[PDB]
Structures are given as structure tokens and as C-alpha cells.
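>>> what's the 3D shape of this:
(2 chains, ligands or ions: 4)
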2 protein chains.
Amino acid sequence: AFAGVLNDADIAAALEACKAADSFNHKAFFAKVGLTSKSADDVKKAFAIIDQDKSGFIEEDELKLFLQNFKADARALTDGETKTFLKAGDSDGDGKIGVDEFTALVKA
Amino acid sequence: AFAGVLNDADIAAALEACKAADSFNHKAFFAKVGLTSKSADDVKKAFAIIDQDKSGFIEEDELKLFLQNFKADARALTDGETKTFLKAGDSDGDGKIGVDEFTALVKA
Ligand SMILES: [Ca+2]
Ligand SMILES: [Ca+2]
Ligand SMILES: [Ca+2]
Ligand SMILES: [Ca+2]
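Numbers count the residues shown, from 1 in each chain, chains lettered A, B, ... in the order given. Ligands and ions are numbered 1, 2, ... in the order given. Take a look:
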């Protein structure tokens, strides 16, 4: 769903880097795919894509499918990767990621 | 110190992938640099290189310098990366990584 608002080469490269089980690193991914330099406006747009049910949060089920937003046939994250990613972003410990928590994950 | 027993391109590619602060993932690295398919004999050789003082263990100070074994001017791992890496490998919880713990980190 971004393929068009991040460049295709960056996406490709970001996915190939984490093809192996447990090789995902969200900072590595965000840097390679090019989100880290994006405006807060574009980051909010990205958030909304990942929030598949538009609940206002990325719940754990959605985070597991994180890569599939970028390329539909991408692998699911392992449970291990998902928890690590949730724990880095979930600042208030409610077990989900809201928009400002996502912006911080991307940016800092 | 491997530049010669892993190929230069793989090393280069592995380092570029984790140039950003906190972007290191040891499974991603090991896969890209090509150690994961290596024999137990070559893995032991790699271990010995990383064990800079030849104590028989990679202590935390040595793990922080992990990348510098591959390319001398590579960055140090952050404290965050170092702890994560130590905690994935330190199976017996003595705070250092021995040869069989290293072989498991690489292989499985
Ligand atoms: Ca949601
Ligand atoms: Ca939260
Ligand atoms: Ca040592
Ligand atoms: Ca140990």
C-alpha cells in the first residue's frame, strides 16, 4: 500500500534484508524503506495503513502483519519479533501502538 | 580479520545494513555476511577472532566491538545492541559467550 509512496527499490531492499526468521529490526527497516526522513504528516499516513481496522491503534495482530503492508506476499513477523517491536513502541504499556508512539518509533 | 574468509561484498553489505544506531540484528548480520552456512570448524575460527584476548569467551567489551572484527573502521554497537546480543547468546547466564553458545547463535 506504499509501494507508491516510498520507492520500490528501498522497499525491496528492506524486505530482502529481513527475510530470515528473527532477522527483523524496526530501526533498520524504517531507515532502509525511507520512512525516518518523512514528515509527521506522511508518518501519520503510514500509521493509518498499518492500522488495518482503523481502530486508531496498531494492535499486536496488525503488527505481526507489518511487512505485508509493504509487499503483500511478505512474511509474517515471528512472535518473538512482534513482541520486541511492540515493547519498543508501546510507551504507555497498553499492549498497542497509538499514533504518537508510532511517530517516536519511526523518528528517534 | 575475515575480510579474507567471508567475501568482501557480503561483509560490506552486512555493515551498510546496520549503520544506523540500534539497527543491528545478529541473525540478519550472520545470514548476510555468510557465517550461518559455515562449518562448525570455520565457526570456531570466527569465534577465536572475536575473542580478542583469547580468554575462551567473548566478554561484553569484545561484543561491543563485534563489527570492528569485520572492518576495522566499523562502529561500536550501542549498549542496547550489546545487551540484546549478549542476552540472546548467553545461555548459561554467566554474562559472557563461550564457543558452543556462539555456535548456537550463528546456526539456529
Ligand atoms: Ca488497529
Ligand atoms: Ca501504547
Ligand atoms: Ca575474550
Ligand atoms: Ca555464557
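
>>> tell me where chain A has helices.
A:8-17, A:26-33, A:40-50, A:60-64, A:79-89, A:99-107 (DSSP state H).

>>> list the contacts of the residue lying closest to residue A:25 once chain neighbours are set aside.
Distance criterion Cβ to Cβ, 6 or more residues apart in numbering or on different chains; nearest residue to residue A:25, sequence neighbours excluded, is residue B:25 at 4.1 Å. C-beta coordinates here come from the backbone N, C-alpha and C atoms, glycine included. Counting by Cβ atoms under 8 Å, 6 or more residues apart in numbering or on different chains, residue B:25 touches A:18, A:22, A:23, A:24, A:25, A:28, B:18.

>>> in strands, which of the residues you listed fall?
Counting by DSSP state E, none of the members of the contacts of residue B:25 fall within strands.

>>> residue closest to the middle of chain A?
By Cα atoms, centre = their mean, chain A has its centre lying nearest to residue A:66, at 5.1 Å.

>>> run through the residues that contact it.
Residue A:66 sits next to A:50, A:77, A:85 when contact means Cβ under 8 Å, 6+ apart.

>>> kindly recompute the last result at 6 Å.
The neighbours of residue A:66, taking Cβ atoms under 6 Å, 6 or more residues apart in numbering or on different chains as the test, are residue A:77.

>>> what parts of chain A come near chain B?
Neighbours of chain B within chain A, by Cβ under 6 Å from any Cβ of the partner chain: A:17, A:20, A:22, A:23, A:25, A:27, A:28, A:31.

>>> wait, isn't the second one in contact with residue B:31?
Read it as residue A:20. Yes - using Cβ atoms under 6 Å, residue A:20 makes contact with residue B:31 at a distance of 4.6 Å.

>>> thanks a lot, see you next time.
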